[PDB]
Every structure is written in structure tokens, then in C-alpha cells.
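Here's a solo chain for you in C-alpha cells, the form solved without the RNA.
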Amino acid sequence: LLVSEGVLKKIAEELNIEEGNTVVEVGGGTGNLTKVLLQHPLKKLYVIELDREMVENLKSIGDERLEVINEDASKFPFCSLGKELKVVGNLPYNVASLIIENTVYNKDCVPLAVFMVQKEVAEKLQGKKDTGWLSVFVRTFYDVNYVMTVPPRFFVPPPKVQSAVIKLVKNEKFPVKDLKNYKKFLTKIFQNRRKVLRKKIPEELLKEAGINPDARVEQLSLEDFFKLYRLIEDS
């Protein structure tokens, strides 16, 4: 996705960059976002990028603050790099969900993330439409704020895609001990959308959490997930 200077400026602005910040850009294609980020007084900018052509583009930028890391942003442990990291990226559609999930695993060191994603992905994460496990996983740890609507640009070849900028702001709503276990919990409850919760979770447990056993996962609120999870979380 080629992005306008105005939209790129907004994205960088949403990070609220100040002196001493470490920013982590997830993807380096193209270095237009990189250049805009470097117009702010950040201390260090990590760019997580593997693509050889995209890494060549970054090489020509001589800024001492820029360090390219050749790894997969969908699998990279961000917290291995720093205790406080602002994460940003114009995310490709095939990896956007995996990158966002990975950011969440690293919630302990990511106070703020700003992403451009497809419109439908933004809507899902906010819990507005077709809410899936990832939406609940994110919102357990972040507020998902809608920042910008990014319609397809006029001079872009088909297929025309509607995008949005979203901002994840740290706001932990449950002190989950084991994120991997929490993901399992969410994936189990969302699996087989058509099946009533009775058929996935023991009725007695649902009743104890104040959940209708004959509800579909669509009926659950954020608080519902927490009410049920505190009942099964190991001590």
C-alpha cells in the first residue's frame, strides 16, 4: 500500500514521539513511513524488515538512529529489544493479523502501537463486526482507537482496498498470567461459531460466570470473557 504524505504524517503524529523514545517499525516498504518517523525526535528507530529490495532502500538513509533488523515481525519478540517500545506499521493484508497478535504477546513492553490495516480488520478489532478471537485478545490489553479512514487513492491500480489507521493504547483489563493459555481459551470458545457455548464449555462453569449456556459467542461482552477466564486460570 502506497500511502499519501498526509496519512503518513498522521500515523507518525499518533505515536506522540518525544525525546528518548524507541520506535519499532514493523516493515520497511516503502521507506516513506521510515523517513516521516525520522522527522520526529526519537532516540532509536528499529525497522523489522527482511525483504532485500526494501532493506536496500533503508540503507541509503544515513540517520544514526536507524537500525534494520532482519527478522519476521509476525514472530519477533519485541520485548527482547527493549522495555518500552512504540510500534508502528503499514501492515500487508496477509500478515496484519499475525503481526497484531505478536504485538499483544509483547504487551509488557508496548505501551502504544499505531497500525494501518484493511477496513474490515479495523472493524473486527474494535469488536464492531465479525468479532473473532483476536479482537478479544487485543482488547484485553489495549483500547483500540480508530484514528483515520483511508479510502483507496485515486491513482492506485485495482483491486481497490479500503484501509484504516488504528491506535492501540495500553489499558490492561485482566492480568492474564499466560498469554498462550489465554489464546487457547479464546480460540476454543470462538471455534465452531454456530455451536452454542454449552457444546464448548461446561454449562456449570458458564452459569457460574453469569453466561447463558445457549448463547453463541456473538452474545459475549468483554467482561464475560474475564468472568469465565478467572474461573479456570491456574494459581
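By rigid core we mean the largest C-alpha set that fits within 1.5 Å across both forms. Don't overthink the numbering: it's just position in the shown sequence, from 1.
The same protein also exists as the form deposited with the RNA bound; that form is not shown, yet it is the one meant from here on.
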Would the RNA be touched by all three of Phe141, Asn171 and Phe174 in the bound PDB entry, meaning a heavy atom each within 4.5 Å? no
Considering the RNA in the bound PDB entry, which of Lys184, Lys199, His40, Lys44 comes within 4.5 Å of it through any heavy atom? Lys184
In the bound PDB entry, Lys59 touching the RNA (heavy atom, 4.5 Å): no
Check whether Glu120 has any heavy atom within 4.5 Å of a heavy atom of the RNA in the bound PDB entry, and answer yes or no. yes
Proximity of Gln162 to the RNA in the bound PDB entry, heavy atoms at 4.5 Å: yes
Exercise: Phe76 in contact with the RNA in the bound PDB entry, heavy atom 4.5 Å: no
Please identify, from 190 to 198, 63 to 71, 31 to 39, 204 to 212, the stretch that has a heavy atom within 4.5 Å of the RNA in the bound PDB entry. 190 to 198
Just to make sure I understand: among 77 to 113, which residues lie within 4.5 Å of the RNA in the bound PDB entry, judging by heavy atoms? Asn94, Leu98
Just one of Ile48, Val196, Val36, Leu66 has a CA that shifts 2 Å or more between this form and the one not shown on a core fit; which is it? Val196
Any chance the CA of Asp130 moves 2 angstroms or more between this form and the one not shown, core superposed? yes
Taking 2 Å as the cut-off, check whether the CA of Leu205 shifts that much or more between this form and the one not shown after a rigid core fit. yes
Compare the position of the CA of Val156 between this form and the one not shown after a rigid core fit and state whether the shift reaches 2 Å. yes
